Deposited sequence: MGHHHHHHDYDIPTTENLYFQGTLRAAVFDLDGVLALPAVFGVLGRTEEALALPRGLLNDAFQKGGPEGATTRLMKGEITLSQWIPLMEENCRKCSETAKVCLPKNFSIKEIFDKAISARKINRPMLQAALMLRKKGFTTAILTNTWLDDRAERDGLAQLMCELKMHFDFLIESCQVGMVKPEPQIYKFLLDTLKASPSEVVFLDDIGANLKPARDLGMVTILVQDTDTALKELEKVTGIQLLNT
């Protein structure tokens, strides 16, 4: 193909909500329910400030987990423990086995695979995943966060791939928008079985049955 490579050759997976469960937003919704807080209250506090908010600064590696905790508690006030809510949920994270198996099968079939995720520095599971993927890109290690355009350029430069050769799976639609704009294939992971059927369709690799 002189001009354009439309056959997929790389598969990029988000971590929380895709390769590992649960994602934080569900965590917070179920916490609102359990504590009888107004719905969306914790998820609003979590995202307060947008690109300048405490959570983006944590994902970018600008601040550490210990610095973030009292900022999140302040956002909540703007008697539960943020430290406990997050430590309990993070301790209970589990690999999404059907998703991991699909990633391994794509790699066996010659795909370059990568993890691209927003994550945090804990100043107080990844080793396993690392050996089974070609690349691991963590927001707080590179100093960039999804959905900033930059980190998608970094991903493509790391893969040495054009956007049309890449399929990207994420639980968050905002994170797929820049990839879809660049011409990547995108899959929104709301339910793992539907996402795998869609991944089978676009790659032509059997992943189900």
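Novice: What are the missing stretches of the deposited sequence, listed from start to end?
Specialist: Model skips 1 to 16, 95 to 105, 152 to 159, 245 of the deposited chain.
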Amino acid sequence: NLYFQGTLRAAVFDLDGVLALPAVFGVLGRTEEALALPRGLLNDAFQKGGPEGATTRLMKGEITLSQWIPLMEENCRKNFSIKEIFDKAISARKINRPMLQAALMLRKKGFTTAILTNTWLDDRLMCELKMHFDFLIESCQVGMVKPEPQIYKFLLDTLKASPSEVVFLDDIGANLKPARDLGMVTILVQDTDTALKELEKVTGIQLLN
From here on, numbers count along this sequence of modelled residues.
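Novice: Going by the mean C-alpha B-factor recorded in the entry, which is higher: 130 to 138 or 108 to 116?
Specialist: Between 108 to 116 and 130 to 138, it is 130 to 138 that shows the higher mean C-alpha B-factor.
Novice: Tell me which stretch has the larger mean Cα B-factor in this entry, 53 to 61 or 40 to 48.
Specialist: Averaging CA B-factors over each stretch, the winner is 40 to 48.
Novice: Should residue 150 be placed in the lowest, middle or highest third of its chain by the C-alpha B factor in the entry?
Specialist: Tercile = highest for this residue's CA B-factor.
Novice: Which third of the chain holds residue 32 when residues are ordered by C-alpha B factor: lowest, middle or highest?
Specialist: Answer is highest: the recorded C-alpha B-factor places it there.
Novice: Based on the entry's values, in what third of the chain does the Cα temperature factor of residue 19 lie: lowest, middle or highest?
Specialist: CA B-factor rank for residue 19: lowest third.
Novice: Ordered by C-alpha B-factor within the chain, which third holds residue 125? Give me lowest, middle or highest, please.
Specialist: It falls in the top third of the chain.
Novice: For residue 12, does the deposited CA B-factor place it in the lowest, middle or highest third of the chain?
Specialist: Residue 12: CA B-factor falls in the lowest third of its chain.
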